[PDB]
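Single chain ahead, by itself, as structure tokens, in the form solved without this ligand.
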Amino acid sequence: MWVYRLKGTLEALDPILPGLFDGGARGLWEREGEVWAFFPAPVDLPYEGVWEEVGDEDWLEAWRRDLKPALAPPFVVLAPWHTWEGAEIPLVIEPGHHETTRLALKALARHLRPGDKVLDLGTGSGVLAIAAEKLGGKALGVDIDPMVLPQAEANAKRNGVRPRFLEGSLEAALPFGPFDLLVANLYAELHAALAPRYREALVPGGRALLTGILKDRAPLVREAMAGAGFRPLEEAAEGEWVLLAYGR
């Protein structure tokens, strides 16, 4: 579809709106002092607006404009352009809406202590490693996908903290270990396979917070972790997603 952009408020352009509709406009939006009228294709209009085809990028920007702060106690996840007046700890992330990210942040605050060394396995946006530093931890975030690291570093800088970010997996992290706590938002089957190595990555008495786990697959993880010698410490879920916390 195409957009016909006109300068002015809906209130100001009220007189020509019927014209846009008769002209075939299917949508109208007031966007920062402009009125955007949406059509299947450009048509001849005397209002002196400007035509432009709508693309995926336009959709992205619109969606982004509609985003609002997302609570995830004790934190609040904010877009870089968001302002926040509350008491919760700000986590500014470039567009935290996932159930698993919420479960992990909440569990992190409980199991993490100031001065703990943290491994955030599959760091992605880097949100968990960042929150770890905000809580007073010293974190290393790793991901097998290099593409995400630049954005992770950018997010970190925006939050005024600096965790270490690195390409790779668990093996790539060991040199910087052992760690006091490992947080991993992956999936049931992967956690199960890594159970033995999670134990090796943590100091005695260390913690493992696992999420990205679907309820009907929870048993797989309880079984692999017990088998690896971990004791269960906490369970929480949101929707069909669960987080399992263990002690080593």
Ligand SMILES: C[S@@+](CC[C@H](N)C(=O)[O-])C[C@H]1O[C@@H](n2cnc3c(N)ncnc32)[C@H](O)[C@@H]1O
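All residue numbers refer to positions in the sequence shown, first residue = 1.
Unshown form deposited with this ligand bound; subsequent notes refer to it.
No clash is found between this ligand, overlaid from its position in the entry with it bound, and the backbone or C-beta atoms here, as no atom lies within 2.4 Å; the site counts as open. Not displayed here, this ligand is kept clear of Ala218 by more than 4.5 Å at the level of heavy atoms in the entry with it bound. Although the partner is absent here, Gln151 is not a contact residue: none of its heavy atoms lies within 4.5 angstroms of this ligand in the entry with it bound.
Not displayed here, this ligand is kept clear of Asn155 by more than 4.5 Å at the level of heavy atoms in the entry with it bound. Within this chain, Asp145 lines the site of this ligand in the entry with it bound, having a heavy atom no more than 4.5 Å away. None of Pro178, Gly124, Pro90, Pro74 but one reaches within 4.5 angstroms of this ligand in the entry with it bound through a heavy atom, and that residue is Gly124. Comment: 178-186 is the region of 199-207, 178-186, 59-67, 35-43 lying near this ligand in the entry with it bound, near meaning a non-hydrogen atom within 4.5 Å.
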